[PDB]
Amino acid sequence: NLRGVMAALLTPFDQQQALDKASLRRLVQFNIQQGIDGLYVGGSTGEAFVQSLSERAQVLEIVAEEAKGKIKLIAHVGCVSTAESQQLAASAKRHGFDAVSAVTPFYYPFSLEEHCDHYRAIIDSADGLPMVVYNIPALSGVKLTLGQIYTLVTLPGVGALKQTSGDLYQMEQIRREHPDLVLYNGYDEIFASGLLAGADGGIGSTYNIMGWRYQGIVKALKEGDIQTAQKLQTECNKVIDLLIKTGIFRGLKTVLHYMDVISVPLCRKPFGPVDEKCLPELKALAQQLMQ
């Protein structure tokens, strides 16, 4: 029941870089109205790694008040520390999320065995909530082989893998060895290709502004309309080329600010403001998506 298209939720801040609750509530609602299947919260996109544990739990609490019952909720409780991750797993459960997820612990190198214990511990603290193993080499620096992936996803309590890797040979080997595994395509720019290789859904940050297109790509491939799938993917890719140039999170928040969802589109330091020169393309995009 976790298969699907889930937006990786952004965290709106106020001018003082404090949580902007009203914009967070707006953002959750905006996503629901968009037809999203669920939300992945407290992930990279939520700026979790520049947030405190209490701040991350406050967010989980607010979106559950806002979305529990309406759409699927996955809480990324991942920290480098197993104990901090367990604390967040207990809050996700306490607030009613449908699953937890954790990036592979980073900075310090850990063995495959250390990664398994880390996941086992979080799973135990999740008290029943399935675990979403999260592989994202580019940001974490943890290069996971297919064999290591097999070990992690076969752990008791692991019901899914968020694959943020562009290796689509591995995407299909994973699907072939694990037929029942929920597999989330992680890179928005290769979504269509990801689904064809074996992913059965996706989690992405750009879904916050055009989640309807990814759902569109999914319907297309289902209705055997490769052509429409391709057109949707390239329109997504033109937006991603832009976001990548502007700063992905700040870029997304800016489009959202112009759509009246977010009050102040600031990311937390050390992230800087969006380059003034980008605002016109961003303003235009906002206009274009609203219509």
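In case it trips you up, residue 1 is the first one in the sequence shown, and so on.
Mean C-alpha B-factor is higher over 222-230 than over the other stretch, the pair under comparison being 222-230 and 34-42. Within the group 163, 145, 85, 91, the record's highest C-alpha temperature factor is found at 145.
Ranked by Cα temperature factor within the chain, residue 249 sits in the middle third according to the deposited record. The entry lists a Cα temperature factor for residue 274 that places it in the highest third of the chain's modelled residues.
For residue 65, the recorded CA B-factor ranks within the highest third of the chain. Only modelled residues enter the ranking. Residue 211: CA B factor in the highest third of modelled residues in this chain (values from the PDB entry). Residue 203: CA B factor lies in the lowest third for its chain, per the PDB record.
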